[PDB]
Amino acid sequence: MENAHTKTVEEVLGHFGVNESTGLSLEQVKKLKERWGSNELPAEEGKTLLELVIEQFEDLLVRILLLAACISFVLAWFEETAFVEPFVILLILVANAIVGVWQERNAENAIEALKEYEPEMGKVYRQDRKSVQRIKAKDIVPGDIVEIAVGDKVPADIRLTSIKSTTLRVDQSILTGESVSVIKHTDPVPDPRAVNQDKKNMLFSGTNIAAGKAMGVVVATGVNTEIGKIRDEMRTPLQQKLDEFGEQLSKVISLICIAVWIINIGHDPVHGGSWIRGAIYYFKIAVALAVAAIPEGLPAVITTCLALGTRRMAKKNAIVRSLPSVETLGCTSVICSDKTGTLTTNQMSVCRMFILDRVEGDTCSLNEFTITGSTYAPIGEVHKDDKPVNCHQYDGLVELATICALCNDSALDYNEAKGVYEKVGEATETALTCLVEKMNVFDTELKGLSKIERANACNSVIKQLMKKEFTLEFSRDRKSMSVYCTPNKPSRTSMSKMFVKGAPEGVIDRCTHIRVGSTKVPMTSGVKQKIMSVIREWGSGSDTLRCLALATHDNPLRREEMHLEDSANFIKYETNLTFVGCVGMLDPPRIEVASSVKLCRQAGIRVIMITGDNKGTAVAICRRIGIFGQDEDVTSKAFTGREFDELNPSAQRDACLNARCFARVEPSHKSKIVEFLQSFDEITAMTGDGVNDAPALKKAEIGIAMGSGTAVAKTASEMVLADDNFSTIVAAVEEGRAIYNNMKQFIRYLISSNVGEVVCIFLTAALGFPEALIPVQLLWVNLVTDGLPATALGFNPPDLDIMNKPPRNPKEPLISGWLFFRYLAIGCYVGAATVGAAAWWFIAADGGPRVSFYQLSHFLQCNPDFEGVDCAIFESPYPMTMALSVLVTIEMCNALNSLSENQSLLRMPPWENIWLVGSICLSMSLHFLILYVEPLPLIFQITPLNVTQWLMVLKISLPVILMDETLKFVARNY
Ligand SMILES: Nc1ncnc2c1ncn2[C@@H]1O[C@H](COP(=O)(O)OP(=O)(O)CP(=O)(O)O)[C@@H](O)[C@H]1O
Ligand SMILES: [Ca+2]
Ligand SMILES: [Ca+2]
Ligand SMILES: [Mg+2]
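A. Focus on the overall build of the protein chain. Helix and strand counts for the protein chain come out as 36 helices and 30 strands. Its C-alpha radius of gyration of 38 Å places the protein chain more than 25% over the 30 Å reference for a compact globule of 974 residues. Dimensions of the protein chain, computed from the C-alpha atoms along their principal axes, are close to 135 × 65 × 50 Å.

Below you can see the structure in the form of C-alpha cells.
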C-alpha cells in the first residue's frame, strides 16, 4: 500500500483489519511478517579493505616521502644498490601504515559489537494483552497499533491515528534536516506527491518525539521505510595544533636540508670534475637527511591513538559517536550532571504519603502512611503506625488513588522473559501506578489475576468509573499536569473534575481549599506549613524522598469554554484547587557515583549537579554522594533557579565558580549555566538522561547520555554509556589525558633523536672530518630508528600518578620552553656521541691507525706534514659502520627515555610497554642482518663489527640514558 497520508484514519485501519483499541492478532502478525518481513536494515557498508589504506597515504608528510622514493627511483635508473634507496623509503612508509589499518579495523569491530548489543524495543497493542507491551523493534510489522510518547524513538513508519497530548512534536532532523521540532495532526493531507516535511500526519523511523504522546498504525517497516530508502546515500582540536606543528617543522628541515647542500658545494675531486655529477650526489644527501629528519609516522600515530581510545572505551561499554570527544574529555575542568536519571538509579516507588486528618483553626493533624515495595512490582502493602490498613476506609485515600491513576501517561508492563515489571513511560508516573496497585481503594478481588494483568489491574477499576476526556500535558515551566475527567455514572451528585499533580511548592500556591477525607475547607497558613515541613524532612531525611502534591478541581470550566491552543493557558485552568495529599518517592544514587566525585575532585574536576527537583532533595543527595560534606554550609554553594536570577552579576559570577548544586532549574537554565561555566574558559561536560537535558547536552563541549535514558537525549550527545556506569566518565577522562601524554613522548623521541641525526651531519662538516653517512644509510637509520620503534610509543601505560594532576589548558603552546631545551640537550649529545664513534677508530682505538688529530682535520691534504699515514685508509668502511651503529643504538636507548615524561626508568620499567620492546629488537635484528649476512654489507657500505667494537658502541650509547635520567630527576624534584 502506498500514499497512506492522503487517506483518512478510518481508511488506513480498515486496510489492515485492525481497530485502534485492541490491535493486531497473533495470526495477523505471522502473515504480515511473511508478506513484508522483519523490521530492520541489513548488514552495513562498513569499510572496504582499500579505503582504509588510501586515506592513510593521503597526507602532506607521507606524500613528500613518496616523492623522495620516486626521485631515488629515477636516479637509481641511471646508476651504471641505488634501487634500495626507494625501496627502503617505501619500507618505513608501509610499516607505519600497516599498524594504522589493523587498529582501525579491530576497533571498528568493537564499536559495532557494542552498539548492536541491547535490542531496540517498541510499544505495541496486540491482542494477547489488553494493555500496552513492548516488543523488539524488528517484530513490528505493517499493521499493528504502535504507541509513542516523549523522548521515544519512532520504531517504524506510522500513520498517526490519535494524539493523546494536546499537541505532539517531533524532531525529524535526521531525515529532513529540520533543526527545529515540528507539529503533527491526524487529519489527511491530500497532496499525494507531498514531500516528507509536509506529511504532517506521519512519523518516520529514526526520528524522536520532542513533546506529547500519540498512537498510530504502522504503514511501512524495514527497507520500505522513508529513512531506509536513503540508506545507500553517503578535524580534532589537537590535530589542528599538531598540523600547525607539522608544517612549521618541515620549514626548518627544508632550510637545514638546503643548508646541508650549500656547505659542501666545494667538494669535485672524487666525481670526475663534473659539477653536474658533483652536485647530484648531495641532493641525494639533502633528500636522505630530509627523509631521515621528517616525522613520517606523526600522522599515522595520531589516528592510531584515537582509534585505540575508541577501542578501549567500547570495552568499558561506552559508545563514542564523535571522534574528538575522548580527547576533549581529557581537558575537562568541570562536569555538570543531571540528578534523577543520571546520578540516580531511576528506580522509584512511593514509600510515604499523607492525606489530611482534621483541620481546626491554625492547627491540623494528618494521616501519614508508609508503603512497602522497593521495586516496580505491584506487590506491597500500606502501613499506618507500622500496621496494615484498608485504604478504602479513608475517603481521602480513595481520592489520592483516583488522582494517581487518572493523571498518568504511564503504565506497568510485565517482561515475562526477564520476570520483572518495567515502566511504559516515565519513572515518576510509574511509581504512582505501582502505588495505586498497592492501595486497592475499591477492595477489588485480585485473587486470580495473571502476573500480566496484575500490573494495571486496579488502575482500570478507576478508569472504568471515569471517562478521561482530555489531558493538559505536563510542562516544565508550570511544573504540573492536569486531566479533565467526567464520571461514567450519571451526573446529579457527581460532576466533572480536573485532577492535578505536580511539584508541591507550585501546586499548593494554587490550592485554595483542602480536602479533609470527605469534606472541603479553606486553605490556611498553618496547614501550608504542616505540608511544607513534612516535605522538608522527607527530602532531607535518610532516603532523600522525591515528592509531589495532588489536588482536585471541583468546579472546572466546560469542554467548550476552555481555550486549549496556547499552552500558557493551562496553568490558568488549574487555579481554584483542593489539596488532597502528597506522596514521597524513592530513588537511590547509583552505586559507583560517590567514588567518582572523589576521583574527580582529586583530578582537579569540579562536579556540579543541575536538576529540576526540590532544593532540599537536591542538596540532600549532594551530601550522600559527597559533593557536599554531611555538615558543610551550603548557603553560598547551592541555589535554586529564582535565587540565581535575583543576583548581581558580581556575586552571580561568584556563584558560577563556587556553587556545586543548582536546583529547580528549567532546560534553558541548564544551558545558561553551562554557558557561564564556559565564559570562564572552562571545558564543560554535561551528563543527562532526559528531554530537559537536551538543550544543555548540545551546549557542553562533551555531552554524555545515559544508556537507559531517552533517545532524544542520546541524539544530543557525543558519548553514550550503554552500561549506565558513571565510573566510565572518569575512565574516559584518564584515557584522554593518556593520549595527549603519548603524543609528547613520540615528539620527544623523534625530535631529540633526529636533531642528533642532523647535529652529527653539521658536526663532521665543521671539523672537516670525512663525511659520516651516504644516502642509503640515512635512509636506513630513517627506516630503522623512526619507524616501528617510534610508533610503539602509542601503547605506553598510564603514568603512575596520572589522575592526581589538574586538567591542562588547551590555550598552551604545544611544547614547553623547558621541553624544547630537553629535546636539544639530549639530541645535541646524540649528534656529538655518534661523531666521536668515527673519531674513536681514527685515534684512540687499537685497530685503527693512531692518526694525529691535525691529520684527521686536514685529511684532505695528504704529503710532508701528514706523513706516515696511508692515503686510502680515510675512506675505510670502518668509521661509517661505527657511527651508523652508535646512531641506531643511541636512538634505541633514547627510545626508552620516551616511556614516561618524568617517572624514572625504575618506577616505570621498560616491560610495562611490551610492544616498544619488540620493535627495538626487530630494528636491532634488521641492523644485525645487513651487518653480518653474506651479500648485504656491500650495498650499505658497512664492515661486520667484531666483538669488542660493540662494547665501545654500548659504552657510548648507554650514556644517553644516563643523561636523560638526570634530566628526569631535575624535572620532578622542582
Ligand atoms: N508527569 C509529571 N506530572 C506532574 N509533575 C511532574 C511530572 N514529572 C515531573 N514533574 C514535576 O516537575 C518538576 C520539574 O520537572 P523536571 O523534569 O524539569 O525535573 P525532574 O526532577 O522531574 C528530572 P531532573 O532531575 O532530570 O531535572 C519535578 O520536580 C516534578 O515535581
Ligand atoms: Ca624520518
Ligand atoms: Ca631517527
Ligand atoms: Mg532526569
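Structure's up, so let's keep going.
B. Spotlight on the coordination of the magnesium ion (ligand 4). Distances from the magnesium ion (ligand 4) to its protein donors, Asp-338 (OD), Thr-340 (OG1) and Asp-689 (OD), fall within 2.1 to 2.4 Å. Motif for the magnesium ion (ligand 4), donor spacing along one chain: D-x1-T-x348-D. You'll find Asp-338 and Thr-340 in the same group, each marked buried.

C. Molecular detail of the packing of aromatic side chains. Under the definition given, this model contains 20 aromatic pairs. Between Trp-780 and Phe-940, the aromatic rings sit 5.3 Å apart at their centres with planes inclined by 50°, giving tilted as the arrangement. Exposure class is identical for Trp-780 and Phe-940. Each is buried. On the numbers, 5.8 Å between centres and 45° between planes, the contact of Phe-795 with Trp-915 is tilted. Aromatic rings pair up to connect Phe-639, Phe-644, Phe-662, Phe-676 and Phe-680 into one cluster. In this arrangement the basic side chain of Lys-572 is found over the ring face of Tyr-573, its NZ or CZ atom lying 5.7 Å from the centre. Geometry around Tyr-740 places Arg-808 over its ring, the cationic atom sitting 3.6 Å from the centre.

D. Examining the packing of helix α35 (residues 947-957) against helix α36 (residues 959-972) more closely. Axis separation between α35 and α36 bottoms out at 4 Å; the angle between their running directions is 10°. As the angle between them shows, α35 and α36 are arranged roughly parallel. Residues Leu-954, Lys-955, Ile-956 and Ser-957 of α35 form the contact with α36, whose own contacting residues are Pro-959, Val-960 and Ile-961. Tallied by class, residues from the contact of α35 with α36 come to five nonpolar, one polar and one charged.

E. Region of the structure containing the coordination of the calcium ion (ligand 3). Within the first shell, the calcium ion (ligand 3) binds the protein through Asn-754 (OD1), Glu-757 (OE), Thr-785 (OG1), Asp-786 (OD), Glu-891 (OE) and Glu-891 (OE), at distances of 2.1 to 3.0 Å. The distance between the calcium ion (ligand 3) and the calcium ion (ligand 2) is 5.8 Å, with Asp-786 acting as a donor to both metals. For the pair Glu-757 and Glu-891, one class covers both residues: buried.

F. Region of interest: the site of ligand 1. Taken together, 19 residues form the shell around ligand 1, and within it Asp-338, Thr-340, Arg-546, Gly-612 and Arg-664 come nearest. A distance of 3.1 Å separates a nitrogen atom of ligand 1 from a polar side-chain atom of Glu-429. Take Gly-612: an N or O atom from its main chain is 2.9 Å from an oxygen atom of ligand 1. Contact with the protein chains removes 93% of the 610 Å² of surface that ligand 1 exposes when unbound. Those elements giving two or more residues to the shell around ligand 1 turn out to be α12 (339-343), β19 (480-487) and β20 (497-502). Grouping the amino acids of the shell around ligand 1 by side-chain chemistry returns three nonpolar, six polar and 10 charged.

G. Region of the structure containing unusual backbone geometry. Phi is positive for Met-234, which is not a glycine, with a value near 55°. Secondary-structure assignment places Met-234 in the loop between β9 (213-220) and α7 (237-262). The class for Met-234 is exposed, based on a relative accessible area of 89%. Look at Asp-386: it is not a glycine, yet its phi comes out positive at around 70°. Inspection of the secondary structure puts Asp-386 in the loop between β14 (382-384) and β15 (387-388). Assessed through its relative accessible area of 68%, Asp-386 is described here as exposed.

H. Summary view of a negative patch on the surface. Together, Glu-45, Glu-51, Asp-232 and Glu-233 line one region of the surface with negative charge. Relative to the elements of secondary structure, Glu-51 occurs in helix α3 (residues 49-57). On the basis of relative accessibility, which here comes to 34%, the residue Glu-51 falls in the partly exposed class.

I. Representation of the sheet that holds strand β6 (residues 182-183). Ordered in space as β6-β5-β8, the three strands form an open sheet in which the pairing is antiparallel. A strand with exactly one partner marks an edge of an open sheet, and here the two such strands are β6 and β8 (208-211). Sheet topology places strand β5 (residues 169-171) next to β6; two bridges connect them, and they run antiparallel. By the bridge assignment for β6, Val-170 is matched with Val-182.

J. The arrangement of the sheet that holds strand β25 (residues 606-610) in detail. A sheet is described by the order of its strands in space; here eight strands give the open sequence β10-β30-β29-β28-β11-β25-β27-β26, paired in mixed fashion. This sheet does not close on itself; its edge strands, each paired only once, are β10 (318-320) and β26 (638-640). Within the sheet, the average angular offset between the axes of one strand and its neighbour, ignoring direction, is 20°. Across two bridges, β25 lies against strand β27 (residues 661-663) in parallel orientation. Looking at β27, one finds that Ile-610 is bridged to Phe-662.

K. Up close: the UniProt feature "disulfide bond" in the protein chain. Checking the UniProt disulfide annotation for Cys-862 and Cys-871 gives a sulfur-sulfur distance of 5.4 Å, too long (2.5 Å or more) to count the bond as formed. On the secondary structure map, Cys-862 appears in the loop between α31 (853-857) and α32 (877-894). For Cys-871, the position within the fold is in the loop between α31 and α32.

L. Molecular detail of the UniProt feature "active site" in the protein chain. In the numbering used here, UniProt assigns the feature "active site" to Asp-338. Along the chain, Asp-338 falls in the loop between β11 (334-337) and α12. Apart from residues lying up to four places away in sequence, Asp-338 is in contact with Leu-343, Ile-610, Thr-611, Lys-670, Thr-687, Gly-688, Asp-689 and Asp-693. Among the polar contacts listed, one links the side chain of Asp-338 to the side chain of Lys-670, at a separation of 3.4 Å.

M. Main features of the domain arrangement of the protein chain. The domain boundaries assigned to the protein chain delineate domain 1 (4-39 + 140-220), domain 2 (51-106 + 240-310 + 733-972), domain 3 (317-345 + 589-724) and domain 4 (352-584). Computed from C-alpha coordinates alone, the two centres of domain 2 and domain 3 are separated by 48 Å. Listed as interface residues are 14 residues of domain 2 and, on the opposing side, 15 residues of domain 3. When domain 2 packs against domain 3, close to 1,300 Å² is buried across both sides, 63% of that on carbon and sulfur atoms. Three residues stand out in domain 2 for area buried against domain 3, namely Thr-310, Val-733 and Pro-807, and they jointly supply 35% of the buried area on that side. Counting the contacts that link domain 2 with domain 3 gives one salt bridge.

N. Inspection of the nonpolar core at higher detail. By size, the foremost hydrophobic cluster in this structure holds 84 residues, and its most contacted members are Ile-89 and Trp-780. With nine residues, α32 is the largest single contributor of residues to this core. Discounting chain neighbours no more than four positions away, the residues touching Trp-780 are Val-88, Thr-785, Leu-884, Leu-926, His-927, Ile-930 and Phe-940. Judged by nonpolar contacts, the second largest core, of 42 residues, contains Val-436, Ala-455, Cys-485 and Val-583.

O. Looking closely at the pattern of salt bridges. Applying the stated criterion across every chain yields a total of 37 salt bridges. Residues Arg-235 and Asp-243 are paired through a salt bridge, measuring 3.2 Å at the closest nitrogen-oxygen approach. Linking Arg-822 and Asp-964 is a salt bridge whose minimum nitrogen-to-oxygen distance equals 3.2 Å. As far as the burial class goes, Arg-822 and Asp-964 line up, both buried. The network of salt bridges with common partners includes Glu-399, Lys-497, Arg-515, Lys-520 and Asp-554.

P. Geometry of the environment of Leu-449. Note on placement: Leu-449 falls in the loop between α14 (427-439) and α15 (457-464). Sequence-distant contacts of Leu-449, that is, excluding residues within four places in its chain, are made with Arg-454 and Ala-457.

Q. Representation of the environment of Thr-578. Here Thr-578 is to be found in strand β24 (residues 577-584). Look at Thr-578 and you get buried, because its relative accessible area is 0%. Discounting chain neighbours no more than four positions away, the residues touching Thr-578 are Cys-511, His-513, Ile-514, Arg-515, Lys-520, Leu-550, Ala-551, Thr-552 and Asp-554. A polar contact of 3.0 Å, which involves the side chain of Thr-578, links it to the side chain of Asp-554.

R. How the structure looks around the environment of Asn-19. With respect to the helices and strands, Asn-19 occurs in the loop between α1 (9-16) and α2 (26-35). The partly exposed category is assigned to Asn-19, whose relative accessible area is 38%.

The rules we used
Residues numbered from 1 in each chain as written, not as in the entry; some residues may be left out. Chains lettered and ligands numbered in written order. Heavy atoms only, no water. Residues with missing side-chain atoms left out of burial classes, pairs and counts. Helix = DSSP H or I, 4+ residues; strand = E, 2+ residues; numbered from the N terminus. Rg over C-alpha atoms; globule rule 2.2 N^0.38 Å. Donors = N, O, S within 2.8 Å, 3.2 Å for Na, K, Ca; no water. Buried < 20%, exposed > 50% of the residue type's maximum accessible area, 1.4 Å probe, protein only. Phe/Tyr/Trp six-rings, centres within 6.5 Å; stacked < 30°, edge-to-face > 60°. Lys NZ or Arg CZ within 6 Å of the ring centre and 35° of its normal. Axes fitted to C-alpha atoms, helices over the stretch in contact; angles between N-to-C directions. Parallel < 35°, antiparallel > 145°, perpendicular 65-115°, else oblique. Contact = heavy atoms within 4.5 Å. Nonpolar A, V, L, I, M, F, W, Y, C, P; charged D, E, K, R; others polar. Near = heavy atom within 4 Å. Polar contact = N/O pair within 3.5 Å; in protein donor to acceptor, adjacent residues only side chain to side chain. Areas by Shrake-Rupley, 256 points an atom, 1.4 Å probe, with all protein chains shown as cover. Patch = residues over 30% accessible without salt bridge, like charges linked within 9 Å, V, L, I, M, F, W, Y side chains within 5 Å. Salt bridge = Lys/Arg side-chain N within 4 Å of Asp/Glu carboxyl O. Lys, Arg positive; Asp, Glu negative; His and termini not counted. Charge placed at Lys NZ, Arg CZ, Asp CG, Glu CD. Pairing = 2+ DSSP bridges. Disulfide = S-S within 2.5 Å. UniProt positions renumbered as here; feature names shortened; annotations may be inferred. Domains from an automatic or database assignment. Buried area = accessible area lost by both parts, 1.4 Å probe. Core = buried A, V, L, I, M, F, W, Y, C linked by side-chain atoms within 4.5 Å.

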